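# Survey of secondary and tertiary structure
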Amino acid sequence: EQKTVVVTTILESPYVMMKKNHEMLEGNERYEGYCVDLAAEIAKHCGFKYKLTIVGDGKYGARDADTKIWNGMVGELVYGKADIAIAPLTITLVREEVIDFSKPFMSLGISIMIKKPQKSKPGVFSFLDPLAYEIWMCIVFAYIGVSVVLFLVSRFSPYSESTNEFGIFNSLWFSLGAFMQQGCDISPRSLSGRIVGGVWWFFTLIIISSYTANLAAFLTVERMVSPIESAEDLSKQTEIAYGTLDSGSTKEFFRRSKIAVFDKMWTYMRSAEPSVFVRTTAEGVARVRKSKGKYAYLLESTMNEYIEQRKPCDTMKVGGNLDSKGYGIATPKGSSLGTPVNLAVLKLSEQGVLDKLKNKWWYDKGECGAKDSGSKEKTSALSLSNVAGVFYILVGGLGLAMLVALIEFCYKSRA
Amino acid sequence: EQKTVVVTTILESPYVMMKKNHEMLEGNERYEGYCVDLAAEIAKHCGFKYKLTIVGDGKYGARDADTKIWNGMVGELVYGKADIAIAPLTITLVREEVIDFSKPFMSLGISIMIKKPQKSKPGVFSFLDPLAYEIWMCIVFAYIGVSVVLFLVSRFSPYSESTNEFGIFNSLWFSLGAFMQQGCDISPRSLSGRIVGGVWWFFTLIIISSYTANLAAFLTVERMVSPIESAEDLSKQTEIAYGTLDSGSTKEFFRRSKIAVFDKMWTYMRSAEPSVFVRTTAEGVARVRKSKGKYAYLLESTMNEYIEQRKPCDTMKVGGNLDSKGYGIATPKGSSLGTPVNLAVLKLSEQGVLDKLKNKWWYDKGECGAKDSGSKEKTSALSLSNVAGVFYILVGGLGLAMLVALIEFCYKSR
Amino acid sequence: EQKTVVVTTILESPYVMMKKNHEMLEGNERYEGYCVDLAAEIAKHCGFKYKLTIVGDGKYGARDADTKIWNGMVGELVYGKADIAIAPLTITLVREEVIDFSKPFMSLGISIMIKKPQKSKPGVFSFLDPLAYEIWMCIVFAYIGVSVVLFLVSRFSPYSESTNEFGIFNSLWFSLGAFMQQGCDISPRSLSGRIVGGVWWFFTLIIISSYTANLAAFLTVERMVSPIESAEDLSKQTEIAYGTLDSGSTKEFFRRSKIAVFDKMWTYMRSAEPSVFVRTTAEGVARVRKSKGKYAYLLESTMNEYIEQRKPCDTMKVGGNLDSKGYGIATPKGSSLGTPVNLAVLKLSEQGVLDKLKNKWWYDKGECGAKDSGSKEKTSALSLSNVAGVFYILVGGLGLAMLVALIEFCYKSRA
Ligand SMILES: N[C@@H](CCC(=O)O)C(=O)O
Ligand SMILES: N[C@@H](CCC(=O)O)C(=O)O
Ligand SMILES: N[C@@H](CCC(=O)O)C(=O)O
């Protein structure tokens, strides 16, 4: 009988996660996730029994401080503690020097995580907005003042009281009709009444003109620039602190890179204090979430798009990928598995099972994915939900007017 | 033997700034800055080891009158206490007489620093602003012309007619109602009157449609005014005092100058009290901040533009450069360093390292809103302070209407 | 006795130019310009007598093509043909290695020349512009059609002709008052007259609104972008061909430079065909001017800003300076003249005479003082020259109305 394969892996969602009944299930059954499905498929094609394990120290693998010793997941392969690795492990030159990688099974880049700056919800009565509350209150007091002054001037000695129609109720209707610019049925024929009319016409002209001009702005623009994605412009500021994972390939990439913007970013990240780095990706996400949008974490696009699709969905991804990298299955130098694993990965990609495994785990759970991306269009029509408050005011006014008419009729009959 | 060289240099930002480690570390770690980088680049081209030392008295200096003794920075070179000087130090003829300068590495002029006024609120009568004054005159004259012509055309005594109700006062009211885009109770009802009406309606159509285009942006202009710009007005007044660094090249420039405006400014500086000079630049900048805008300081554009980047950014540059001068490395007469240092300066300027260090020290470290404030998203609502001017003329008109009514009544009653 | 100094120079405006009477004057008097003044000042300080000459082959000069020989200005200094050079000779490392340069007397950078895309003058009747010629004519025919249809319907059997006031002249006034949205005496009281009225009201609502909306666009922002500065277009497209002077420091700078965009520009300029280079600056300027704005020339700011003053003032400078360089007086290695000449240049700069020379030559003869750069503030008020056409139409209409009234009165009297 052949020896069982000692597979080794790392806990990371959705690649590997705990089963609900891990307290009672068998050691293999405790694990479920994307990598467990892939491992079963590869084993079924190659034909070996296998036993799962979790890496003893939870680090993806990096090179120690010139001691030439390797951290946990690469070390477990190199020092012969494990026989194969199946995990989200990136293909890099320094790893290729010591361990043999298959062809990639997924393609990915580097991406920024940020906390979303809320969403504005206009009220029912939004049309009131382009003028402040104090303006509406002062317009009401001005209307009452003009109405009573015009009555005092008109129904006061022409000597002859008949001459002027402007009782109170008519002066109040005249000034209301004047403010709406909806035309008139009488006009004053006296010097003092004409000066009060002409001043009210000027006030109306300026107030209505400025109201309709501002409306345009409020209804022709509604967007916010947000923190710029361009990493050079991110480097140009210190209000936000950004950091990578500890012992991850992203950190080695920033260390090794000599591109001027990336060298500047590494120079900041090496010299900045306190420690911006974290031990786990979930700790990085939580530290962004708690830090009131003041801190950022650097993480790779396949994990980013998973987190973006999970509640509470308060995160945003900005900008494109900075690079392009593959994940591949790794096996220890000079080992028989390397060729059949290569043919298995090719065959699975050629049938298309790998898309089925991604769909099953990433997007099937994408609860917030309903049309959240929106559009950048600038000529959208208005929609009835924006207007309804005016319809509610109109129908309430028709109800009130009909009630007043009925009580006036009943009183006039009884009186 | 490759002995270490001694550099003499002065603390000034961002040329030479104390690093926080300096309590813990040796002097070459203690300091960082643009001059430290440049000194490293020059040493790496020339190939020698170097030690950085601070000039004892902290003065660039000039030869004292009637004693003819040079003070600190020039003295260190002339008296052989240092091998080279690398600091912001200006090329001048009096120094060229005794020490050898490389080709200049940066160019600078003399500039005025002032404490900026806060942006002013727009005026009370802002609503009239979108149209020029000549338009409002021509509008008034057109209104008078139309009103009198429309009176003259009616009431023409045909071969008795009284149907044309357009007396002068009613014609003047009809024209006013037509311009405000308000309805009126009478209309011309004769051919010539209908021509005059139609033409006034077309004129009105254009005027309004070109004043209501942008009325809210003019209510929210947000900024205006500056106290001085000419860089000459300081010569004409004594209300604001202005002062230069002590012992600096700027002071010698003003002393030597025979330009009339500069000679007048020196004569003021030679006689005004209490002393306008300061012992360091930082003392001058602080004095400008404290003096509530009553005092200005004269300093060279690299300082002005650096200080403008740095918080709190309450200080600002106005006007152009008064003259053009270069900074250059200084070396002691007949020393062998002169030619390899000079060729190193040329090579570094041709490669462009000096531009990279300029951007890195001056401009990357900016923090105030001058770095970017151009988004100008839509101004929310429209507060009462912007509109209050229209309420005052309304209530004045109501008060006048009551006064006119009361005089009319009391006259009619007796 | 003294030995006359052989000064050598190059013809280039405004540094050196031909005197009007060069056919009759002495060989020294034939020349006048900024450098002749400077040369007289330096000679008056140093005290040597001098004789002017013009460099034979007329090139500033650069290291020859692997013959290791030097061309005209540097060669005439090195090989002992001349004793001093006074010209806009740029300080550069390769020249400093063989000849000695004084401190710089003027500062310059590299700048781009482009042909200005003309200007548009608004007409007297600009307010007509937000619509098209064909729309105004069709609005006139629609007004006539509605007027006559409304008459045909109203003054046609109510059975009673008195019932309708809408004779032709009243229908024509009613429809005019309707189109201005200015209100009117009377309204039709019949079904057919009300349908024709309501359709004319709808047409008026849509047409007027559009005009006032588009007026805003045509009344708000008017500007032109021009080709992008800083060689962005020149690096990113081949549509514009850009040349530099031959045997000039600019060409050596582009050859030597290793900055990525500058290296790309040199790679284009070396490989591009036909030859973009020129022998003289005036030829480069002329080649830009004739080439309908399709060709560009690279030249340093003192020339660019001088040429902007010159007629026909159709050139524009775009972008900032690319670098920083000085001109210095040059003297041949070990020559005694270098020590006093350097102090003379310092003294002249320290008194400020060089500013006076620049002001006199560039600015005081800069009589193209139109200074069309203007201002960029968007909140600019309207000006009477924009409006006057409406005032001319108003006053002509008042004159016509008053004449028609006089002829109607005279006919009424004679009839
Ligand atoms: N896939 C990454 C995980 C760590 C990171 O995102 O930097 C790796 O192999 O190192
Ligand atoms: N660079 C100047 C500093 C003092 C000043 O700005 O006047 C000098 O050499 O003295
Ligand atoms: N000032 C330039 C002239 C030639 C050019 O503009 O390229 C030089 O000294 O070479």
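Residues numbered from 1 in each chain as written, not as in the entry; some residues may be left out. Chains lettered and ligands numbered in written order. Heavy atoms only, no water. Residues with missing side-chain atoms left out of burial classes, pairs and counts.

### Description of the overall build of chain B
Assigned secondary structure in chain B consists of 16 helices and 13 strands. Over its C-alpha trace chain B gives a radius of gyration of 36 Å, far above what one expects of a compact globule, namely 22 Å for 414 residues. (Helix = DSSP H or I, 4+ residues; strand = E, 2+ residues; numbered from the N terminus. Rg over C-alpha atoms; globule rule 2.2 N^0.38 Å.)

### Overview of the overall build of chain A
When helices and strands are tallied, chain A shows 14 helices and 13 strands. The C-alpha atoms of chain A give 37 Å as radius of gyration, which overshoots the globular expectation for 415 residues (22 Å, by more than 25%). Reported as C-alpha extents along the three principal axes, the dimensions of chain A are approximately 125 × 50 × 40 Å. Only carbon and sulfur atoms are counted for the fraction: they give 59% of the accessible area of chain A, which is about 25,100 Å². (Areas by Shrake-Rupley, 256 points an atom, 1.4 Å probe, with all protein chains shown as cover.)

### A closer look at the domain arrangement of chain B
Splitting chain B by domain gives domain 1 (5-108 + 326-363), domain 2 (112-117 + 226-318) and domain 3 (123-223). For domain 2 of chain B versus domain 3 of chain B, the distance between C-alpha centres works out to 56 Å. (Domains from an automatic or database assignment.)

### A look at the interface of chain C and chain B
On the side of chain B, 56 residues touch chain C, which itself brings 50 residues to the contact. Of all residues in chain C, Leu-93, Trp-173 and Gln-182 of chain C bury the most surface against chain B, accounting for 14% of the area lost on that side. There are four salt bridges connecting chain C and chain B. Of the charged contacts in the structure, one is a salt bridge between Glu-377 of chain C and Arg-223 of chain B, with a shortest N-O distance of 2.6 Å. Linking chain C with chain B are eight residue pairs in polar contact, by the criterion used here. (Contact = heavy atoms within 4.5 Å. Buried area = accessible area lost by both parts, 1.4 Å probe. Salt bridge = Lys/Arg side-chain N within 4 Å of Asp/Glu carboxyl O. Polar contact = N/O pair within 3.5 Å; in protein donor to acceptor, adjacent residues only side chain to side chain.)

### Thoughts on the interface of chain A and chain B
With 43 residues of chain A in contact, the opposing surface of chain B contributes 36 residues. Both faces combined, the contact of chain A with chain B buries some 4,000 Å², and carbon together with sulfur accounts for 75% of it. For the interface between chain A and chain B, the tally reads two salt bridges. Residue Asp-364 of chain B is joined to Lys-264 of chain A by a salt bridge in which the shortest nitrogen-to-oxygen separation is 3.5 Å. Taken together, chain A and chain B are joined by seven residue pairs in polar contact. Looking at which element gives the most residues to the side of chain A that touches chain B, the answer is helix α6 (residues 191-220) of chain A, with 19 residues. Along the lines of polarity and charge, the residues of the side of chain A that touches chain B split into 30 nonpolar, seven polar and six charged. (Nonpolar A, V, L, I, M, F, W, Y, C, P; charged D, E, K, R; others polar.)

### Side note on the UniProt feature "intramembrane region" in chain A
Here, UniProt's "intramembrane region" annotation points to residues 166-181 and 182-184 of chain A. Annotated as residues 166-181 of chain A, this span is 75% helix and 0% strand, and its ends, taken at the C-alpha atoms, are 19 Å apart. (UniProt positions renumbered as here; feature names shortened; annotations may be inferred.)

### Side note on the site of ligand 2
All names here are of chain B. Ligand 2 sits among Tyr-60, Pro-88, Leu-89, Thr-90, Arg-95, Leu-245, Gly-248, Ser-249, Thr-250, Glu-300 and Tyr-327. Between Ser-249 and ligand 2, the recorded distance is 3.1 Å, taken from a backbone N or O atom to an oxygen atom. For ligand 2, the accessible surface in isolation is 290 Å², of which the surrounding protein chains cover 93%. Residues lining the shell around ligand 2 come from more than one domain, with at least three contributed by each of domain 1 (5-108 + 326-363) and domain 2 (112-117 + 226-318). (Near = heavy atom within 4 Å.)

### Focus: the side chain of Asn-342 of chain B
Relative to the helices and strands, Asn-342 of chain B resides in helix α14 (residues 338-351). Accessibility expressed as a relative area gives 12% for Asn-342 of chain B, which makes it buried. If sequence neighbours within four positions are ignored, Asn-342 of chain B has contacts with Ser-102 and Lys-103 of chain B together with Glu-96 of chain C. (Buried < 20%, exposed > 50% of the residue type's maximum accessible area, 1.4 Å probe, protein only.)

### Here's the deal with the site of ligand 1
Residue and element names in this part refer to chain A. All residues adjacent to ligand 1 are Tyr-60, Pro-88, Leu-89, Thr-90, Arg-95, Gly-248, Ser-249, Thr-250, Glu-300, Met-303 and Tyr-327. Here an oxygen atom of ligand 1 sits 2.9 Å away from a polar atom, N or O, in the side chain of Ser-249. In the model, a nitrogen atom of ligand 1 is placed 3.2 Å from a nitrogen or oxygen of the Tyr-327 side chain. Look at ligand 1: alone it shows 290 Å² of surface, and the protein chains cover 96% of it. Of the residues that make up the shell around ligand 1, three or more belong to each of domain 1 (5-107 + 326-367) and domain 3 (228-323).

### Thoughts on the UniProt feature "disulfide bond" in chain B
Residues and elements named next belong to chain B. A sulfur-sulfur distance of 2.0 Å separates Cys-313 from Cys-368, so the disulfide listed by UniProt for this pair is formed here. With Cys-313 in the loop between α13 (301-309) and β11 (315-318) and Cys-368 in the loop between α15 (353-363) and α16 (384-412), the pair connects residues that are 55 residues apart, well separated along the chain. We note that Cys-313, like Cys-368, is buried. (Disulfide = S-S within 2.5 Å.)

### What about the pairing of strand β8 (residues 110-115) of chain A?
All names here are of chain A. Judged by how many residues are buried, β8 sits mostly within the fold: five of six residues are covered. By the bridge criterion, four bridges tie β8 to strand β10 (residues 295-300) in an arrangement that is antiparallel. Bridge assignment links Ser-111 to a residue of β10, and that residue is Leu-299. Of the pairings in the sheet, the one linking β8 to strand β11 (residues 315-318) comprises four bridges and is antiparallel in character. The residue of β11 that forms the bridge with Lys-115 is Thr-315. (Pairing = 2+ DSSP bridges.)

### Remarks on the arrangement of the chains
Looking at the two pairs of chains with contacts, the pair that accumulates the most is chains B and C. A gap remains between chain A and chain C, with no contact made and the closest C-alpha atoms lying 8 Å from each other.

### Here we look at helix α4 (residues 133-154) of chain C
All names here are of chain C. Spanning 22 residues, α4 covers 33 Å between terminal C-alpha atoms, matching the ideal 32 Å at 1.5 Å per step. Within α4 the residues assigned to the buried category are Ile-139, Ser-147, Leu-150 and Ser-154. An end-on view of α4 places all buried positions within 75° of arc, on one side of the element. More than 90 degrees from the buried face of α4, the exposed residues found are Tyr-133, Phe-141 and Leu-152. Close packing links the buried residues of α4 with α5 (168-179) and α6 (191-220). (Expected span 1.5 Å × (residues − 1). Arc of directions from axis to C-beta.)

### Overview of the nonpolar core
One recurring pattern in soluble globular proteins: nonpolar side chains tend to sit buried together. Membership of the largest hydrophobic core comes to 64 residues, with the highest contact counts inside it found for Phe-203 of chain A, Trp-200, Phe-203 and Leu-394 of chain B together with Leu-394 of chain C. No other element matches α6 of chain A, which puts nine residues into this core. Residues in contact with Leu-394 of chain B, not counting those within four places in the same chain, are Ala-142, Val-146, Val-199 and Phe-203 of chain A. Listed in part, the 57 residues of the second largest apolar core include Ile-10, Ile-99, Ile-307 and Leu-348 of chain C. (Core = buried A, V, L, I, M, F, W, Y, C linked by side-chain atoms within 4.5 Å.)

### Here's the deal with the sheet that holds strand β9 (residues 241-244) of chain C
All names here are of chain C. Spatially, β9-β10-β8-β11 is the arrangement adopted by the four strands of the open sheet, whose pairing is mixed. With one partner strand each, in any of the chains shown, β9 and β11 (315-318) form the two edges of the open sheet. Averaged over all neighbouring strand pairs, the angle between strand axes comes to 35°, with direction disregarded. Where helix α8 (residues 249-256) meets the sheet, its contacts fall on β8 (110-115), β9 and β10 (295-300), and the angle it forms with β9 comes to roughly 115°. Along the sheet, helix α11 (residues 301-309) contacts β8, β10 and β11; its crossing angle with β10, the most-contacted strand, is approximately 115°. (Axes fitted to C-alpha atoms, helices over the stretch in contact; angles between N-to-C directions.)

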